[PDB]
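Sequences listed follow chains B, A and D, in order. Each residue of the first sequence is one higher than the last, beginning at 1 in PDB author numbering. Each residue of the second sequence is one higher than the last, beginning at 1 in PDB author numbering. The third sequence runs 1 to 113, 121 to 213 under PDB author numbering. Reading through the structure tokens given below for one structure.
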Amino acid sequence: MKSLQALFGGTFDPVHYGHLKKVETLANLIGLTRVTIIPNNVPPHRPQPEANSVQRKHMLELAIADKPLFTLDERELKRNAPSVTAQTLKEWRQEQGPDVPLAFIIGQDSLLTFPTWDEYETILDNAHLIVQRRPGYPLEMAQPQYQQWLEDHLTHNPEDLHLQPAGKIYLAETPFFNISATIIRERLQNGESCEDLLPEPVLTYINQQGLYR
Amino acid sequence: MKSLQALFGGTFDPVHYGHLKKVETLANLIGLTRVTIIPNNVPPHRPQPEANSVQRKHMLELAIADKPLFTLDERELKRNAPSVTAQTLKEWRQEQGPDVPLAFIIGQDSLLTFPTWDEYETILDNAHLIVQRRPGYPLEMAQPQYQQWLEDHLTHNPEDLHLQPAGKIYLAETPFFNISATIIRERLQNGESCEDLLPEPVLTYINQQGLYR
Amino acid sequence: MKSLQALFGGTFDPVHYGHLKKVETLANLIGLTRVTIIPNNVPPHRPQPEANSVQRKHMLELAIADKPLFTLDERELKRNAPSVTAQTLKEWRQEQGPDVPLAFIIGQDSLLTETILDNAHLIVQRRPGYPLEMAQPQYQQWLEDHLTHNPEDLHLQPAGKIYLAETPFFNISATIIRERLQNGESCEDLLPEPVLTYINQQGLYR
């Protein structure tokens, strides 16, 4: 087949060392050669991002430019409709064919709340999902009937991600970084340092555009 | 809150790749952005170090100059008294404020003998302690009554070190290095190579000052 | 004692990021300062390598040339006989002294298929997601007899232990590569650029 390509969505307001280091650390224990970052647009019934749709692309571009691992996909920024996760993967499966392995990166706490999403049953039909294990927290699913769904498709063999097109779930041990897009905004609104949390190109973009102030 | 600041003490005679690489591997999996190296002065009842207070400070300064992670604290070298751990941590909690998170880095073999250390109860009051896990050994505490003390304050979530001022104990996965300050002093008195165990600035300083010969 | 010196053997046709990335990850977890790459010549009873003895040396030499962790040993390439693993270990023990720790790196399923522990430890590259199961229930007892969880045992003793090391997963093998070259798709994520360039010069795996 072809090489496994992982997808990684998020709001990215702003992208930060958490997003990048956690995934590139994943790529070294899973053999990820490609990682496509899909920045979403937040549905209107949720707080909308501070940095607009353009700036978030600029901040991502600058942050990814010297990392060949990552490659940026702006479907959801140019999409009129609001972003639905299982819908982007239907497109990816549609465009990339049925035999290329696809993987979607989500966090542990988004696996906990996972049968919530629109069309949860269709995600594992069109891609694997890799789960960023939140250390220290238990493995507990919300409703003990799709706790069975989890160990049915759970696997500890990373070959399954490369040798099959979809259907499995891998749990990956990632480092901890005490940084989020909420942590960042607060230290800037108060004016404490941020060069340890943010790529220098992006922190400079933030200060130029006057973001989070 | 403010950045978690973690303190790391020792004699450092000389500092070597054991100290640095073990802690900078810690920093990547715990989110440590700053680590303050506190070299101690050995109480008179123990063999005193070969290299004097100045050379040990120079050797550290040379080793740490290009690593922003580590900052050096010479309280104990300029102190008249003999170095007591729970006394330095009491200074740090006082000077730094009661709301900043503090951690103290120690090895596993030093936590087994921990209620041996003076004021073992004052440490968890003012700081967290991060324990360097000696691989291949069990977690057995000396007197199975404060084995309950270990499991009372143990935590497997590195958040607690960041989001709480003090009180927890985190066990960290470290690499093994077959290098120690005793090993080095012998390999120098015997005259076999050391550029794999020691930063080249520090090994050059030692060869210039003629230490361990 | 002296430094622990690990030996790492293989065909290396071609050498690739898997061989190297996997071991340099090991070295950091075990404290390996030196790793001697011992490419083998295959005994005639299994399929022969594509690149001859020279090209497989050059490719290795280009991979290892700016990695101080690895040094290269061409015993088995210059050897008249075919290579016998415990014969290389016996020579090393002889030249090196009885006091210097030695370890031999092998993959898990190559351990699935044996007298190493006179002269050296064996560090086994754990295929992730597969169990520790030995075939014949007498050297499943040999495994846990000499199993060790303390990397000290590899650095403080000259042999006798077996260390099972967690390694990363890389979707690359020499077999994967040969086809992706004969099929004509990229390999720069699987193969060092000096080595991949060497392969296109010599027209290897095409």
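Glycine is no exception: its CB is placed at the ideal position from the N, C-alpha and C atoms.
For this session: Using a Cβ-Cβ cut-off of 8 Å, state whether A:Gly191 counts as contacting chain C.
Result: Looking for chain C here will not work: the only protein chains present are B, A and D.
Exercise. Nearest CA to the CA of B:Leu32: which residue from B:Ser3, B:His128, B:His19?
Worked result: B:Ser3
Problem set entry | Residues in the segment 29 to 48 of chain D having any Cβ partner in chain A nearer than 7 Å | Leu29, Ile30, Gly31, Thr33
Problem set entry | Assumed close pair A:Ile206, A:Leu197 - CB separation to whole angstroms, cut-off 8 Å | Going by Cβ atoms, the distance from A:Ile206 to A:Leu197 rounds to 11 Å, so no, they are not a contact pair.
Exercise. Can the beta-carbon of residue 241 of chain A be found less than 8 Å from the beta-carbon of A:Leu154?
Worked result: Absent from the structure is residue 241 of chain A, since the part of chain A shown begins at 1 and ends at 213.
For this session: Using three-state DSSP, classify D:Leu89 as helix, strand or coil.
Result: helix
Exercise. Going along the chain, which residues of the segment 146 to 157 of chain B sit with their C-beta nearer than 8 Å to a C-beta in chain D?
Worked result: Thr155, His156, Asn157
Problem set entry | Minimum Cβ-Cβ distance from D:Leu4 to chain A less than 8 Å | yes
Exercise. What in chain B is Cβ-close to A:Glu159, meaning under 8 Å?
Worked result: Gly136, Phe176, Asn178
Exercise. Under 8 Å between C-beta atoms, does B:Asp196 make it to chain A?
Worked result: yes
Exercise. Any residues in the segment 122 to 136 of chain B with a beta carbon nearer than 8 Å to a beta carbon of chain D? Which ones, in chain order?
Worked result: none
For this session: Please confirm whether any heavy atom of the ligand NAD lies closer than 7 Å to the CB of A:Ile179.
Result: For the ligand NAD, the structure offers nothing, since it holds no ligand at all.
Exercise. Less than 8 Å separating the beta-carbons of A:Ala86 and A:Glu119?
Worked result: yes
Problem set entry | Assumed close pair D:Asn40, D:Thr11 - CB separation to whole angstroms, cut-off 8 Å | 6 Å
Problem set entry | Counterpart residues of D:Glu173 in DSSP-defined beta bridges | D:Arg133
Exercise. Per DSSP, which one or two residues make a beta bridge with D:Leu154?
Worked result: D:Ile169
Exercise. Would a C-beta distance cut-off of 8 Å place D:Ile123 and D:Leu89 closer than the cut-off?
Worked result: yes
Problem set entry | Sufficient close CB pairs (3 or more, under 8 Å) joining the segment 96 to 108 of chain D to the segment 53 to 66 of chain D | no
For this session: Inspect the beta-carbon positions of B:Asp109 and B:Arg133 and report whether they are closer than 8 Å.
Result: no
Problem set entry | Which of helix, strand or coil DSSP assigns to B:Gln164 | coil
Exercise. Which partner residues of D:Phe70 appear in the DSSP bridge assignment?
Worked result: D:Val35
Problem set entry | Inter-residue Cα distance where the pair is D:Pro144 and D:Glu121 | 15 Å
Problem set entry | Beta carbon proximity, D:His162 to chain A, threshold 8 Å | yes
Exercise. Roughly how many whole angstroms lie between the Cα atoms of A:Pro82 and A:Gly9?
Worked result: 14 Å
Exercise. Which residues in the same chain as B:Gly107 place their Cβ atom closer than 8 Å to its Cβ, once the five residues preceding and following it in sequence are excluded?
Worked result: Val131, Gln132, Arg134
Exercise. Quick one: Cα of A:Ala181 to Cα of D:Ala127, how far?
Worked result: 27 Å
Exercise. Between D:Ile38 and D:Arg75, which are expected to be in contact by the criterion C-beta below 8 Å, what is the C-beta distance as a whole number of angstroms?
Worked result: 6 Å
For this session: Would you mind sorting B:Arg56 into buried or exposed? The rule is 16 or more other CB atoms within 10 Å of its CB.
Result: buried
Problem set entry | Top-ranked residue by Cα proximity to D:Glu186, from D:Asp13, D:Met1, D:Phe176 | D:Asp13
Exercise. Any idea which residues DSSP pairs D:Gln5 with across the strands?
Worked result: D:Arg34, D:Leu102
For this session: Quick one: grab the DSSP three-state call for B:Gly97.
Result: coil
Problem set entry | Three-state class that DSSP yields for A:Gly10 in the structure shown | strand
Problem set entry | Backbone secondary structure at D:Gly107 - three-state DSSP | strand
Exercise. If B:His156 and D:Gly136 are in contact, beta carbons under 8 Å, what's the gap, nearest whole angstrom?
Worked result: 4 Å
For this session: Whole angstroms is fine: what's the gap from A:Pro44's alpha carbon to A:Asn52's?
Result: 14 Å
For this session: To the nearest angstrom, report how far apart B:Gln189 and B:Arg213 are at their CA atoms.
Result: 5 Å
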